[PDB]
Amino acid sequence: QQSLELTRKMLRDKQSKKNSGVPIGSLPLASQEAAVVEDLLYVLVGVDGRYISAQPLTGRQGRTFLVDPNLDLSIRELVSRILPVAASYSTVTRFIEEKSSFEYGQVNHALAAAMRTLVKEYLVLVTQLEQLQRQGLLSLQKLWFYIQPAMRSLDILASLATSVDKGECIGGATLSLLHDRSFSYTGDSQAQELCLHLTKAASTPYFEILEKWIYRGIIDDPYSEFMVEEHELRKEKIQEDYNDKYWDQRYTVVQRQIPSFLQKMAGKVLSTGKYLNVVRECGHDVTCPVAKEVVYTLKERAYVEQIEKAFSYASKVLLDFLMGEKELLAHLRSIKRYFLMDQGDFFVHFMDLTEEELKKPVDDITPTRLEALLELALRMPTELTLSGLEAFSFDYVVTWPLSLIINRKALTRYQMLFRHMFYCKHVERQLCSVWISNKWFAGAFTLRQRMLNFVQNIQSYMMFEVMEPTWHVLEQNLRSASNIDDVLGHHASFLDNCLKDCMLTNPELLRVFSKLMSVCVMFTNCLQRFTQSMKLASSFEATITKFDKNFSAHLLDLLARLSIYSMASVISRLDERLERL
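The sequence shown lines up with residues 151 to 171, 203 to 561, 605 to 663, 675 to 770, 817 to 847, 855 to 863, 870 to 875 when you count with the authors' numbering.
Laid out in structure tokens, this is it:
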């Protein structure tokens, strides 16, 4: 009843997951004892004795028995005490029958067969008994003496079976029971021997599963009921798409069915097999760093050390692959060239050309010209994204191995910082261009010189302070590291730190320096207007005074924000005025 439902359910689960698979009292006491001895010999194999009727209680617990009411009190007591042999045998029979279905997985399957072998020797003892009974040399005292060890062993095994059944344990959960019952019966070889036997037997298939997952780098589960690593969606671009986070259990690890003696190692092991997974996916033959069979160690951890060695092998191989094809150092050099602005000679003509269209709405322009200049160059949450982002002003692409490392979010952050620098630089050389003049009452030379020095200092200090040491330390961390996950942590930390710096050193400034540069560019435009007109001046000087007032106000606000908290190291450079208010 219960067993059939359970096996049906777990077969359906396997199908869903893996898509496949005279009165006795009148008799003299000696005769009564002999009769009951023969009856219990029958009962040992689950067949009835001539004066005992098996109680037909099945599907709730093991088989119990009822003796005839015509029985000696002492003998009835003795048979009562000795009965649990029968129920424990019925329990083990039901257990071995139920593990027949493959839906319990091999691990559970190989479990029961092991006990089946033990059942064998149990029956052997019974045969011994019946031989002694054949000799007529058996007394109930000696029968009990012999069975007492067998009684205890059968009780232990029945408890294990009942625990597995009630917990519906499959895979490592069974192994967890094995892990637990091993400690549950410390202090006796009687139970420890069997616990070690069962641990070895159950772990052998799961050891092999883990060894295939790690050494071969690939899961080969016929049934997925163990801790396992099983998740298969792989969206697009082998879990790349455009924005990518696809290391979040690309194959799912379940902690419910873990054996719970490898958990400390599990975080290492997952990555261990993931690495080989992805070096197969990028395309490269996968070999065993070292081929060996791993066994349960009841007193040591040779599997922990084995997994550590395999993980080191895999990590070093993956590091070589990344520093081989799709080198991260090449990516860093490329980012520094343009994304981190190591080439302004391009930038100069980029700037000469871009504002011919940046003044205009998008989709009303020629994107082609962008790349036409790009190829020229080589000749020489919503508050977490801001609302001042442009639809697009840059373009670069990564490859499958390179995408494995740098996400889209990092590219967006690089693009945002590059947009900030673009703003600063274009303001700078607007001022530079308007500066040119030769040879009085126009004035305002000090205002423009002050604003120019301010923006120059901001650019230099910010860029140096943030990118130089942060980038160099990231380089050193990567060169010192070999854990690909640790590599990703290093890159994420560097990116987050630069994020906490730069223009968003205060994410609630909020872009007051943006207002400063806006008024600055308005001043530059009006100055060019008036110069072109003159090539009244009272209104020109009045506007100069107004713009100086606005600039001073914004400058004071920004100085206050810096002084309150960011960092006044830029303010340290600053000391318009060497002094404060």
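Built from N, CA and C at the ideal position, the CB exists for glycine as well.
Looking at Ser370, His530, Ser282 and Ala679, the one whose alpha-carbon comes closest to that of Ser334 is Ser370. For the set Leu610, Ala615 and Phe528, the Cα lying nearest the Cα of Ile546 is the one of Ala615. In this structure, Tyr396 is the residue among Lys490, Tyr396, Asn692 and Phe407 with its C-alpha nearest to the C-alpha of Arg461. A distance below 7 Å between beta-carbons, with the five flanking residues on each side excluded, links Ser405 to the following residues of its chain, in chain order: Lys167, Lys168 and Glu411. About 5 Å separates the CB atoms of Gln438 and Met408; that is less than 8 Å, so the two are in contact. Using a Cβ-Cβ distance cut-off of 8 Å, the segment 301-314 and the segment 221-235 are in contact, since at least three pairs of beta carbons, one from each stretch, lie closer than that value. Residues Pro440, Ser441 and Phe442 of the same chain have their beta carbon placed closer than 7 Å to that of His360, with the five preceding and five following residues left out of the count. The shortest C-alpha to C-alpha distance from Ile825 to any of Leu509, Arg714 and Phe676 is the one to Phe676. Here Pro605 is exposed. Its C-beta has fewer than 16 other C-beta atoms within 10 Å. The three-state secondary structure of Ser715, taken from DSSP, is helix. Contact between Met757 and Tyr647 does not hold, since the beta-carbon distance rounds to 14 Å and is not under 8 Å. Put simply, the backbone Cα of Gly352 is about 28 Å away from that of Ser496. Distance from the CA atom of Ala382 to the CA atom of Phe388, rounded to whole angstroms, is 10 Å. Only exposed fits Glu413, as fewer than 16 other CB atoms lie within 10 angstroms of its CB. Taking C-alpha positions only, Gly230 is separated from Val217 by approximately 7 Å. For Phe276 against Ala293, the beta-carbon gap comes to about 6 Å, under 8 Å, which counts as contact.
Separation of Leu744 and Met855 (C-alpha to C-alpha, rounded to the nearest whole angstrom) is 13 Å.
The three-state reading of DSSP puts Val224 in helix, counting H, G and I together. The continuous beta strand (DSSP E) containing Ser234 extends over residues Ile233 to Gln236.
In terms of Cβ geometry, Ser452 and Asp720 form a close pair [threshold 8 Å]. Residues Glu462 of the same chain have their beta carbon placed closer than 6 Å to that of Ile419, with the five preceding and five following residues left out of the count. Taking 8 Å as the cut-off, the Cβ atoms of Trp659 and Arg643 do not count as close. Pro265 and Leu391 have their alpha carbons spaced roughly 39 Å apart. Three or more beta-carbon pairs separated by less than 8 Å are not found between the segment 625-632 and the segment 542-558, which leaves the two stretches without contact. If only uninterrupted beta strand (DSSP E) runs of at least 3 residues are considered, those enclosed by the segment 238-308 are 245-248.
C-alpha of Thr385 to C-alpha of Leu313: approximately 39 Å in a straight line. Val300 places its beta carbon less than 8 Å from that of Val273. Taken in chain order, the complete alpha helix (DSSP H) segments of 4 residues or longer contained in the segment 487-515 are 509-515. DSSP places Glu410 in the strand class (E or B) of the three-state scheme.
DSSP, reduced to helix, strand and coil, places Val621 outside both helices and strands of the structure shown, so it counts as coil. Taking 8 Å as the upper bound for CB-CB distance, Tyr432 and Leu499 are not in contact here, some 16 Å apart.
The closest CA to that of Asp346, considering only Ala716, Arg297 and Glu155, is found on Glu155. DSSP places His644 in the uninterrupted alpha helix (DSSP H) bounded by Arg632 to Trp659.
Across the set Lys830, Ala841, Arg158 and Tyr270, the C-alpha of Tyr270 shows the shortest separation from the C-alpha of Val228. Residue environment analysis places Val690 among the buried positions, since at least 16 neighbouring C-beta atoms fall within 10 angstroms of its C-beta. At the C-beta level, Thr355 and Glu284 stay beyond 8 Å of one another.
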